[PDB]
Amino acid sequence: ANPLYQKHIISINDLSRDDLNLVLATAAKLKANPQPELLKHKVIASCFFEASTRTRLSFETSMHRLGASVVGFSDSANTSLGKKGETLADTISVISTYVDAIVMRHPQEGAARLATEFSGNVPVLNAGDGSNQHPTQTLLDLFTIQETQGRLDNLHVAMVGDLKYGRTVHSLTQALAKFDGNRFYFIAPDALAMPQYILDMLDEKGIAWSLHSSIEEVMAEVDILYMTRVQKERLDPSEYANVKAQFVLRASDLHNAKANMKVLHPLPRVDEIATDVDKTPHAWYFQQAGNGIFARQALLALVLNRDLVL
Amino acid sequence: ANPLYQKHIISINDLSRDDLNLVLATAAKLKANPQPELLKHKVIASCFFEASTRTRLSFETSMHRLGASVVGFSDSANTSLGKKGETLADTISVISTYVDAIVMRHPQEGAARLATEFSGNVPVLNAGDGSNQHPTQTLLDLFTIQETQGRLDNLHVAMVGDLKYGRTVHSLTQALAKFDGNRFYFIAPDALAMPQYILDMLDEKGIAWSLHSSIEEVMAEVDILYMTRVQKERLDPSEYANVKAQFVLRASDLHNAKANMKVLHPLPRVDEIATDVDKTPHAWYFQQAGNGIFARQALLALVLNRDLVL
Amino acid sequence: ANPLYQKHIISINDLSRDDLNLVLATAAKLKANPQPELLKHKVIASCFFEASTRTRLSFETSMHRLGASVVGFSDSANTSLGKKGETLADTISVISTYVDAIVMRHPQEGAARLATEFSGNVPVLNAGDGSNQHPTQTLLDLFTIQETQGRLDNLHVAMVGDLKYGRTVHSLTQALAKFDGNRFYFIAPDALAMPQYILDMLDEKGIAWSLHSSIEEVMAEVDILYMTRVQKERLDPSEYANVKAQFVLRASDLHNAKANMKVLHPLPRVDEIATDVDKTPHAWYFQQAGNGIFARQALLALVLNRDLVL
Amino acid sequence: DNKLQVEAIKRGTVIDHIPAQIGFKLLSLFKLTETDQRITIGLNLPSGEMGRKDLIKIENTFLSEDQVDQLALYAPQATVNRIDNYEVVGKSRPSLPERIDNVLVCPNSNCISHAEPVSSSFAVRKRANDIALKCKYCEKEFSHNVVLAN
Amino acid sequence: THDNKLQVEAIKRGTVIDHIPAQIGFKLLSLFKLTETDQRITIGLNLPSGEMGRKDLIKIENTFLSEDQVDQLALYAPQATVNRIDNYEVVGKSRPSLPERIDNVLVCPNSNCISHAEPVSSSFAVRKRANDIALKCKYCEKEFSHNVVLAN
Ligand SMILES: Nc1ncnc2c1ncn2[C@@H]1O[C@H](COP(=O)(O)OP(=O)(O)OP(=O)(O)O)[C@@H](O)[C@H]1O
Ligand SMILES: Nc1ncnc2c1ncn2[C@@H]1O[C@H](COP(=O)(O)OP(=O)(O)OP(=O)(O)O)[C@@H](O)[C@H]1O
Ligand SMILES: Nc1ncnc2c1ncn2[C@@H]1O[C@H](COP(=O)(O)OP(=O)(O)OP(=O)(O)O)[C@@H](O)[C@H]1O
Ligand SMILES: Nc1ncnc2c1ncn2[C@@H]1O[C@H](COP(=O)(O)OP(=O)(O)OP(=O)(O)O)[C@@H](O)[C@H]1O
Ligand SMILES: O=C(O)C[C@H](NC(=O)CP(=O)(O)O)C(=O)O
Ligand SMILES: O=C(O)C[C@H](NC(=O)CP(=O)(O)O)C(=O)O
Ligand SMILES: O=C(O)C[C@H](NC(=O)CP(=O)(O)O)C(=O)O
Ligand SMILES: [Mg+2]
Ligand SMILES: [Mg+2]
Ligand SMILES: [Zn+2]
Ligand SMILES: [Zn+2]
């Protein structure tokens with residue numbers, strides 16, 4: 001069996017460099033030549049307990065491109081958890097008697113980990129749990145970085161905006177830190193700084209990172225400029241001073257960019273990336289999104305098939 | 001044609017012992033060896049006008065396991081009935097020009113019966129109509145009882161909790177009463193007692209039933225302990241004294257249980273079954289739920305296929 | 001000084017038979033011979049934190065008939081307690097530096113007692129504290145019972161409706177029990193029965209009382225039929241079966257009633273007294289309301305004027 | 001062998017003849033352990049008068065008659081020994097107090113005492129062979145068995 | 001010799017938990033539910049200590065700490081000493097070993113952690129550090145000081 005067969009996909013912390021490279025190699029292949037019947041006779045639950053456009057629709061499209069069926073919900077309001085008081089525990093307990101895998105997004109940290117304690121032999125894929133982890137976003141992010149940069153090593157990567165509540169950057173930093181010689185630039189408001197347990201992990205691996213108060217400060221040397229949205233649905237009321245984007249990228253800020261530099265953003269953006277950026281060769285957030293298809297197909301294929309031949 | 005081909009499935013009252021045994025035999029076969037293309041080229045509507053986790057997701061999974069496509073809604077709020085004043089009558093009138101069968105759950109008693117007067121040749125399957133009937137729950141219940149007990153005759157069956165509003169026990173009692181020599185124990189608050197028309201049916205068939213104020217009172221002799229949730233979305237304001245579970249089953253209450261006894265519950269539970277019950281050999285509500293797949297596949301297959309060979 | 005001068009008036013349980021009689025005697029005198037300037041140069045606070053028509057308006061009217069001025073509020077929403085989070089203790093601490101007396105109604109039991117602990121030398125008059133006490137209702141009730149029966153002793157008194165939450169019947173029962181030989185019939189639903197601390201007090205004094213399920217049983221014997229409203233704003237959700245008056249007095253129910261019998265009701269009534277009762281010579285609830293002026297004039301006089309009036 | 005020994009106290013209080021299971025409860029309520037003073041506790045000790053008993057010794061600490069009286073609700077047959085110069089100088093038994101302030105919580109959810117900066121207070125009385133507590137604020141009355149502490 | 005009514009008997013068999021820091025002893029009695037027994041118990045609070053100035057001390061007859069309780073004790077009172085006693089003698093003496101996981105008794109300080117809402121036992125990876133000791137929640141993956149957590 002491949003290393004990821006029947007495994008839960010909860011946290012980048014539980015995956016190795018080799019695991020991540022496997023998904024990336026598998027995604028490259030499925031992008032190259034598609035396998036429309038690979039998950040034939042699989043039924044997969046898509047259970048979203050908070051809003052999503054990209055993650056749910058790319059996941060579901062991916063399942064269909066591989067020939068699987070999909071059941072689930074995009075809102076919990078009409079499940080028995082929403083109307084009859086049912087626990088998440090029981091919800092997973094019954095759904096895991098129906099389907100072959102469970103994709104879940106949830107507003108509480110830990111929800112996906114908890115699901116794995118009730119799903120028995122049914123694998124759980126974490127589509128986002130509160131402000132904790134977002135492993136499939138990281139898979140597509142890595143794939144996009146790899147595609148545009150040719151490598152996952154010795155990169156200069158800036159992450160901008162809400163790093164405290166960004167489950168996207170928690171997972172992405174952890175993953176990039178499993179590769180060699182990457183350097184990180186963290187550009188965030190103080191109240192929303194990259195959390196300490198991430199910085200500690202960088203330290204004990206001897207990875208260089210620094211804090212900056214502007215994008216121009218590092219524009220000339222970054223290979224990847226990773227922009228983020230302020231997670232206003234996560235902010236404590238005491239943090240409402242930070243609701244507006246502190247850093248707004250505009251086409252004119254890119255004058256001294258490396259030619260190969262790409263602007264990424266897991267999306268949705270509010271105002272942190274101005275629409276005039278979209279036409280520039282550095283804009284790559286929509287191509288990034290498009291890559292969610294190949295990363296998520298790859299993940300589903302490796303988890304639900306013992307061996308792949310491609 | 002099989003007896004159930006193209007028939008509406010509205011009320012256990014309209015089905016015979018032979019009909020129920022047909023579904024049970026058909027479910028046993030589909031569980032044994034699956035028929036993934038049995039409903040190929042069928043499109044089935046799943047129309048839920050009130051909350052559901054088990055019933056809608058098992059029904060939809062079942063359709064997919066048999067190769068059918070599914071359209072519908074889990075909430076009426078964004079249909080034209082929800083926003084433009086459309087009647088249920090017209091809703092069914094148009095949907096029945098699109099699909100090959102209609103699965104419906106609705107908060108008013110009678111809704112499924114009414115749908116059959118507008119659906120023409122399109123069969124209607126009642127996934128629950130107010131506090132009236134829940135025939136597919138009964139199908140899976142019977143299947144689970146049959147599996148664990150070896151028989152549907154001469155059982156000792158206790159039903160606990162809200163028996164007044166429990167569409168689940170209205171259908172289950174009716175069905176079990178079509179078999180021989182079953183004995184019933186009703187454990188319910190006075191305000192939520194098993195309704196009289198059910199008791200009358202038991203009387204005119206000479207079936208023994210009695211009322212009890214505790215579970216321990218009958219623990220030592222029951223083969224099936226059927227727990228239920230208080231249907232708080234159905235209670236009259238005058239009945240709010242009964243909102244909390246009156247009877248709470250705990251692992252320690254099972255000390256004098258028959259070894260073969262199973263605890264069932266159509267789910268979701270609130271507090272009427274404590275989590276310490278889950279580990280005991282008597283807990284069977286999740287296995288019961290899992291059986292919704294085989295009962296519902298069986299029902300769909302018999303209704304949409306003239307003859308089955310399995 | 002008269003016994004009541006500068007006294008807090010919180011609970012009937014703190015007053016003696018002699019205190020009650022002193023209020024009543026003062027009421028007669030002022031009704032006979034109004035002293036429109038007795039309380040000139042007094043400013044009195046009228047602080048209602050829950051709804052009132054009779055108690056607030058009669059109290060304020062009484063203050064003006066005696067020459068006093070009035071400040072306050074008829075709801076708390078625009079006080080600093082309502083909008084800025086102020087405690088009741090601090091509210092009383094400041095108001096008591098302004099006025100000569102504080103009349104207060106409040107939705108929490110004990111509010112008026114608490115106020116006395118922060119009002120210094122300023123008397124607090126309890127216009128009603130949750131379902132606890134309503135001593136000025138009792139004063140006007142005693143006045144009315146005396147007016148129409150000629151005495152407060154050896155009476156047959158029925159109290160009907162919500163006795164558990166009736167602050168009016170708690171106060172009135174404690175007061176009548178201070179007189180000799182009164183007999184009580186309590187006609188209430190089981191869930192809204194007269195509280196044990198009231199019944200124990202009766203037993204200690206050797207007063208006779210009994211529970212009845214109908215008005216008809218007692219109608220022949222009663223001198224005072226005291227009807228009450230179900231206190232729906234005090235009801236726990238579990239008690240919602242009791243919202244409708246369980247006992248409805250109509251004119252026809254009055255055939256076999258003594259010619260001296262009066263129907264009382266602290267008001268407002270919902271349907272527990274049909275409008276056809278209004279024209280019968282037994283109806284006295286409007287006259288009862290009007291006596292609130294004399295009782296409350298009397299009380300203010302006793303509390304704010306050192307000497308007994310004439 | 002060993003240096004095991006419990007040194008008698010010079011000055012303080014010894015609460016003796018506490019019924020089994022009550023000793024720990026008294027420590028919890030009256031916050032007896034919130035102090036820097038040496039305390040000694042024996043639980044489930046053999047007794048001639050009781051068979052089994054608890055025992056609480058507190059250095060340099062005394063209970064007034066009212067403090068001793070609070071104990072009546074829980075340990076009415078207890079003995080409170082005042083101790084000075086290693087000698088039992090006073091023996092008192094709890095008599096039912098007329099009030100219990102501070103430590104209990106009124107079980108009435110709608111009582112003003114929960115929302116405001118006041119201390120709880122109940123009048124204490126015998127009812128049948130139960131003890132009834134009447135809240136000073138809301139005036140509702142409860143069996144002491146259902147009136148919880150803080 | 002009059003005073004022979006004042007000297008507590010030594011235990012034949014049981015446990016003596018020693019070197020408990022001040023104000024912790026009473027806490028341990030509740031958390032471990034130790035007094036819920038018919039066995040003889042003696043407790044010293046604010047006792048003099050050469051090693052630590054003031055200490056608390058708990059002795060329980062015919063009774064031994066469970067593995068749960070021993071593991072939790074390592075967290076509540078790290079310098080405390082567990083003495084096992086048989087035939088009036090200290091046959092075993094040790095500071096409780098720090099475990100790697102502590103389940104059930106701790107509460108995650110992350111208010112948006114799923115563990116609060118759901119029927120699961122709490123669980124924390126325990127790793128010894130310099131000034132304190134780190135507890136990492138099994139669910140939310142957040143890591144805290146035992147100081148922040150033991151203020152449950
Ligand atoms: N100096 C002291 N230090 C510690 N404990 C003491 C001291 N003096 C007395 N005690 C304890 O306080 C209690 C004092 O009671 P006393 O000395 O009268 O014995 P007693 O006659 O058994 O008492 P009782 O008659 O009430 O049972 C005993 O439990 C004793 O152990
Ligand atoms: N400081 C202490 N800590 C713990 N236990 C003690 C302490 N002092 C005495 N004891 C124990 O308390 C037990 C009872 O002693 P106590 O002197 O109270 O008995 P008593 O007075 O003869 O009986 P009664 O309780 O009927 O008065 C003895 O077994 C003794 O070992
Ligand atoms: N049989 C017994 N009954 C009751 N308590 C005992 C018994 N044996 C020992 N103890 C108590 O348990 C602890 C045992 O420690 P030990 O006898 O090793 O003395 P220590 O040398 O001071 O120990 P440490 O070095 O840990 O301080 C002491 O505090 C002692 O009072
Ligand atoms: N069973 C007991 N109950 C109450 N107090 C006790 C008990 N045993 C000992 N003590 C008190 O505790 C103090 C220290 O006891 P112990 O001799 O066991 O420890 P130590 O070895 O002297 O101190 P440490 O080990 O902390 O340096 C003594 O002074 C004694 O007063
Ligand atoms: O929401 C963000 O800003 C980043 C990130 N975004 C996404 O996953 C895209 P979507 O919410 O449309 O699925 C997330 O954590 O949900
Ligand atoms: O709701 C119940 O308690 C019993 C019964 N439950 C179900 O059908 C399970 P669900 O509502 O998740 O489909 C029902 O009548 O809806
Ligand atoms: O409200 C009742 O039913 C009786 C009684 N009614 C009154 O005092 C009259 P009002 O509420 O108009 O001042 C009361 O307790 O408030
Ligand atoms: Mg003694
Ligand atoms: Mg020592
Ligand atoms: Zn109170
Ligand atoms: Zn957590």
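For ligands, and for the atoms within them, numbers begin at 1 and follow the listed sequence. Naming convention: chains lettered A, B, ... in sequence-line order (proteins, then strands); numbering from 1 in each chain. What's counted below: heavy atoms across the whole structure, side chains too, no hydrogens, waters or symmetry copies.
Around atom 12 (O) of ligand 4, the closest heavy atom drawn from E:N46, D:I39, E:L47 belongs to E:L47. Nearest to atom 25 (O) of ligand 4 by heavy atom, out of E:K59, E:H19, E:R54, E:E51, is E:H19.
In terms of heavy-atom proximity, D:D54 sits nearest to D:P19 at OD2-O, 3.5 Å.
Every ring pair (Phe, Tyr, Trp, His ring centres under 6.0 Å) that D:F24 has, sequence neighbours left out, goes to E:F26.
Of the protein's heavy atoms, D:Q5 O, 4.0 Å lies nearest to atom 9 (C) of ligand 4. The protein non-hydrogen atom at the shortest distance from atom 23 (O) of ligand 4 is E:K55 NZ, 3.6 Å. In this structure, the protein non-hydrogen atom closest to atom 26 (O) of ligand 4 is E:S49 OG, 2.5 Å. Nearest protein heavy-atom contact of atom 17 (O) of ligand 4 is D:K3 CE, 3.0 Å. Looking only at protein heavy atoms, the nearest one to atom 7 (C) of ligand 4 is E:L57 CD2, 3.9 Å. Among all non-hydrogen protein atoms, the one lying nearest atom 30 (C) of ligand 4 is D:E7 OE2, 3.3 Å. Nearest protein heavy-atom neighbour of atom 14 (C) of ligand 4: E:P48 O, 3.6 Å.
Geometrically, ligand 4 and E:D18 share no nitrogen or oxygen pair separated by less than 3.5 Å. Of the polar atoms of D:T40, none of the N or O atoms is found under 3.5 Å from an N or O of ligand 4, judged by distance alone.
Although no hydrogens or angles enter the test, the distance criterion places a donor-acceptor pair under 3.5 Å between the side chain of D:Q21 and the main chain of E:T37.
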query = Hey, mind stepping through D:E116 and C:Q108 against side chain to side chain donor-acceptor pair (under 3.5 Å) and telling me if it holds?
reply = CA-CA 11 Å; D:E116 294 277 325; C:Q108 271 73 74; over 6 Å; no

query = Going through the distances and angles, do A:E109 and E:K142 end up as a salt bridge (charged side-chain N to carboxylate O under 4.0 Å, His left out)?
reply = CA-CA 9 Å; A:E109 292 91 42; E:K142 294 195 187 315; 5.1 Å; no

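Here D:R127 does not pair with D:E141 in a salt bridge; the nearest charged N to carboxylate O distance is not below 4.0 Å. One finds no salt bridge joining D:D84 and D:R11 here, because no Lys/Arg side-chain nitrogen approaches an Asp/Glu carboxylate oxygen to under 4.0 Å.
Residue D:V6 places a heavy atom under 4.0 Å from ligand 4. E:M52 does not count as a contact of ligand 4, since none of its heavy atoms falls under 4.0 Å from the ligand.
The ring pair (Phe, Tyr, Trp, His ring centres under 6.0 Å) contacts involving residues 124-150 of chain D comprise nothing, where partners must be two or more places apart or lie in separate chains.
Screening D:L104, D:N108, D:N110 for a side chain to side chain contact (heavy atoms under 4.5 Å, CB included) with D:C106, the sole residue that qualifies is D:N108.
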